[PDB]
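Student: Chains b, u, B, o and v supply the protein sequences, listed in that same order. Quick note on numbering: the first sequence equals residues 282 to 337 in the authors' numbering. Quick note on numbering: the second sequence equals residues 8 to 104 in the authors' numbering. Quick note on numbering: the third sequence equals residues 58 to 113 in the authors' numbering. Quick note on numbering: the fourth sequence equals residues 4 to 246 in the authors' numbering. Quick note on numbering: the fifth sequence equals residues 1 to 137 in the authors' numbering. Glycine included, every Cβ here is placed at the ideal spot set by N, Cα and C.
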Amino acid sequence: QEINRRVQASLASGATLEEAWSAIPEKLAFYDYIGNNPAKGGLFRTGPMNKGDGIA
Amino acid sequence: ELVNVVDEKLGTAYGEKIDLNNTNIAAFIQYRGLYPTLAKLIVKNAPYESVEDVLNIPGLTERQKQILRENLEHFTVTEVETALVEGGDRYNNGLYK
Amino acid sequence: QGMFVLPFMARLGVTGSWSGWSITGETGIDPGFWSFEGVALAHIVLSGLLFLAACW
Amino acid sequence: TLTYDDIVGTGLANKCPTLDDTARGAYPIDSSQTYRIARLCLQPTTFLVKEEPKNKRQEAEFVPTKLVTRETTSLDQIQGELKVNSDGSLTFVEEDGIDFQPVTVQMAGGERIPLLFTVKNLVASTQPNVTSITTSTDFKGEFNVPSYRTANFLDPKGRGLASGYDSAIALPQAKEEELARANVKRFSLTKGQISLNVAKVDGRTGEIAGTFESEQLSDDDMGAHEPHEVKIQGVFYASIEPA
Amino acid sequence: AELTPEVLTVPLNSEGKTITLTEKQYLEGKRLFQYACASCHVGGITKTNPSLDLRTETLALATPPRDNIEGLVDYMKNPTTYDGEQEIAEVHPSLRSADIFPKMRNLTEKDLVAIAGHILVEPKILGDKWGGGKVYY
Ligand code: CLA
Ligand code: CLA
Ligand code: HEM
Ligand SMILES: CC1=C(/C=C/C(C)=C/C=C/C(C)=C/C=C/C=C(C)/C=C/C=C(C)/C=C/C2=C(C)CCCC2(C)C)C(C)(C)CCC1
Ligand SMILES: [Ca+2]
Ligand SMILES: [Cl-]
């Protein structure tokens, strides 16, 4: 929702689609990924999140 | 480079029309007058180089020819795909309701 | 292949498996009971019988 | 004359008919007459698999195997046109019948080799000028070997060609490239070869029997691995008829 | 929502005429469909040939058209394949084959009309469930 808000504000101010999305911090996009949702694990899937989907 | 041949075929006319060379026989229920009599004759006499060649099946009645002519716009032909015609799959492709 | 007991079985005439192979590279041989597997099983059963005798 | 109740559970249903030792006659071919094989039967007695070359790249041999799928191996009730060609050779054009059997044989050491033992779409021809079918007649030809599994077959992870997942869903974030061969199912279609050697002919009834040897590829698991080369040997029976 | 006269209003023929069934005819139709047809046609499908269902759109494209009372009543007397090409009374329940399908022996013309009306009304109630099979259960 916040990502979309920011993109719409960029577009409203005259940015191109490429520019609007390029202005989204990588840190914000990363929170919008289910691999970082804590309800996606397994009891015996041991270790860091990096051991699963990999090091981002 | 490995390809799923059925998915690939869905991007041809096979994905848009009844392919006289490949489509399973139940597809002919879609249009008036084709099933089961003509459907059986069509599958039995496949493959066809062109759609109009379906009109050349021996023994047809004039009525049958006319039904075929009215339905050519719903037919296509593409290369025979082994995966779709083996296993007697044109007659029963493992799909019911 | 780091085989230690296999050569001792082979040295005295145990050369085939119940699975059909022989250490000389033959196929479709029937080794009878005294395959490598039969030898192993015989030793396990002997172990058990000696264990029971020890208890007595 | 044996009934189903005489045969059931004996193993005889998987055997081809035999002809006795007196059947060494000749069956005349009238080149003006049309003919059919009303029944072709093939009973395999041995399955041989070509060992995969160690890397010496000498001649890899065909080795014996153990049948594990029981008395379920024979091809039978096969019928087709027997054409008389202009040079006097005969050509059998297989039309229909129980013309395939899945078969699993096991190599020494346990490797199981499934194959679709088949003569699907067999076109087999004799030598020229066969004015009679005799114990000197042979048929040689080729057939089609379609994929051992057909397009709906789903692997243990639910993946298939005409149905199923198209990915390894249990490894949601694995790199796809290494798994492409397992994920993308392919449907094999290759050729096999067969020789039929007539050993017995009943001139009066049109019945012939003999030995066969066929060569074909085994199952490739919808493109997941390389097939093996198989050689099948056995006995055959055919009834020739004017039609 | 109610079972209204409009829900109960279905095509009588191919020529634009309708008939409004009574609530009692609807009940009779369900009962008789269950009695004579549901063993194969439960929920609008066909168990012995799932390619052909009792959906209204499907019945409309049948030959002769079967998406009306007359078409269905005629089907129950003299059933045909989907293209009208062969008469199938010998393998499909009908009045003509009441000798070999004994449940058809006590069906009256009135009964056939009730069954026909059931086949047309049910999808108006059930939508995709009618002729949908297990996917829509
Ligand atoms: C509050 C406790 C706690 C929590 C929440 C964590 C959390 C974490 N640790 Mg730490 N850790 C702890 C205490 C804890 N630790 C202790 C006490 C030690 C010393 C052993 C460690 C040493 C440690 C190491 C060396 C590592 C971690 C790592 C991790 C991460 C992976 C966790 C994992 O894979 O677990 C897996 C959990 C399980 C498989 C569940 C175990 C359930 C047991 C076996 C049940 C036993 C049942 C019992 C026998 C039944 C009895 C029945 C009877 C009554 C009848 C995670 C952030 C990993 C990491 O990524 O490091 C950077 C890592 O490498 N931890
Ligand atoms: C019951 C009879 C029996 C038989 C037929 C076998 C057979 C076999 N065993 Mg088993 N075994 C047995 C009992 C038996 N075993 C018992 C009771 C034990 C527990 C001690 C074992 C423990 C055992 C081990 C640990 C191993 C075997 C192994 C083997 C294989 C190789 C044998 C070998 O090289 O011997 C070699 C034996 C000798 C060289 C004997 C030496 C005799 C000394 C020098 C005698 C000296 C004293 C004498 C009194 C001197 C005076 C002599 C006089 C005539 C002048 C062969 C399949 C091998 C194998 O392949 O395992 C799978 C192996 O590693 N066995
Ligand atoms: C009196 C009760 C029945 C009625 C009113 C009825 C109605 C119909 C109708 C209208 C169709 C045509 C479907 C279409 O055009 O889309 C049909 C087809 C069919 N029904 Fe029934 N049916 C009845 C009983 C049964 C029973 C008991 C069976 C099973 C034994 C059955 C099996 C079939 C089959 C196999 C078809 C397809 C026939 C073909 O076209 O080859 N029906 N039925
Ligand atoms: C001849 C021969 C051989 C050999 C053999 C052998 C070597 C044997 C043995 C044996 C043995 C080695 C035996 C044994 C045994 C035993 C026993 C018989 C036991 C017992 C017991 C008991 C009875 C006990 C009891 C008890 C218990 C359990 C617990 C506690 C208490 C009591 C004490 C009561 C061979 C194969 C080469 C080949 C051919 C021939
Ligand atoms: Ca010969
Ligand atoms: Cl449908």
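1. Between which two residues does the beta strand (DSSP E) holding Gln46 (chain o) run?
2. Going residue by residue through the region 1–72 of chain v, where are the continuous beta strand (DSSP E) segments of at least 3 residues, counting only ones entirely within it?
3. Is the region 160–170 of chain o in contact with the region 184–202 of chain o, if contact means three or more CB pairs nearer than 8 Å?
4. DSSP state of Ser135 (chain o), grouped into three classes?
5. Using beta carbons (cut-off 8 Å, strictly below), is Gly85 (chain B) in contact with chain o?
6. Pick from o:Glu229, o:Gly213, o:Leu220 and o:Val204: whose alpha carbon is nearest that of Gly28 (chain o)?
7. Which of the three DSSP states, helix, strand or coil, is assigned to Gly95 (chain u)?
8. Closer than 8 Å between beta carbons: that is the criterion. Which residues of the region 322–335 of chain b meet it against chain o?
9. Strictly under 8 Å for the Cβ-Cβ distance: is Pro230 (chain o) near chain u by that measure?
10. From the DSSP output, read off the bridge partner residues of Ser57 (chain u).
11. Quick one, which of o:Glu229, o:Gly209 and o:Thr214 has its alpha-carbon nearest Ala26 (chain o)'s?
12. Any beta carbon of chain o sitting closer than 8 Å to that of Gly295 (chain b)?
13. Which residues of chain B have a Cβ atom closer than 8 Å to the Cβ of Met225 (chain o), listed in chain order?
14. Which same chain residues, not among the five before or five after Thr81 (chain v), have their C-beta less than 7 Å away from its C-beta?
15. Contact between the region 10–21 of chain v and the region 95–110 of chain v: three or more CB pairs below 8 Å?
16. Pick helix, strand or coil for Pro105 (chain o), following the three-state DSSP scheme.
17. Select from the region 151–169 of chain o all residues with a C-beta closer than 7 Å to any C-beta belonging to chain u, and list them in chain order.
18. Output, in chain order, the set of chain B residues within a Cβ distance shorter than 7 Å of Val66 (chain o).
19. Using 8 Å as the threshold, is the C-beta distance between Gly237 (chain o) and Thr49 (chain o) below it?
20. Specify the secondary structure class of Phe93 (chain B) as computed by DSSP and reduced to three states.
21. For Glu59 (chain u), is the classification buried or exposed, using 16 other Cβ atoms within 10 angstroms of its Cβ as the cut-off for buried?
22. Would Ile36 (chain u) count as contacting chain v if we go by Cβ distances under 8 Å?
23. In terms of residues, what are the limits of the alpha helix (DSSP H) holding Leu15 (chain o)?
24. For the alpha helix (DSSP H) containing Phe65 (chain B), name the first residue and the last one.
Tutor: In short, the structure shows the following:
1. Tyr38 to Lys53
2. 9–11 and 18–20
3. yes
4. strand
5. yes
6. o:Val204
7. helix
8. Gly333, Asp334 and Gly335
9. no
10. According to DSSP, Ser57 (chain u) bridges with nothing at all.
11. o:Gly209
12. no
13. Neighbours of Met225 (chain o) on chain B: none; closest Cβ ~27 Å, over 8 Å.
14. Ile88
15. no
16. strand
17. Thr153, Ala154, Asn155, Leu164, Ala165 and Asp169
18. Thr84 and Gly85
19. yes
20. helix
21. exposed
22. yes
23. Looking at the DSSP string, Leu15 (chain o) is not in any alpha helix (DSSP H), and its letter there is neither H nor E.
24. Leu63 to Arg68
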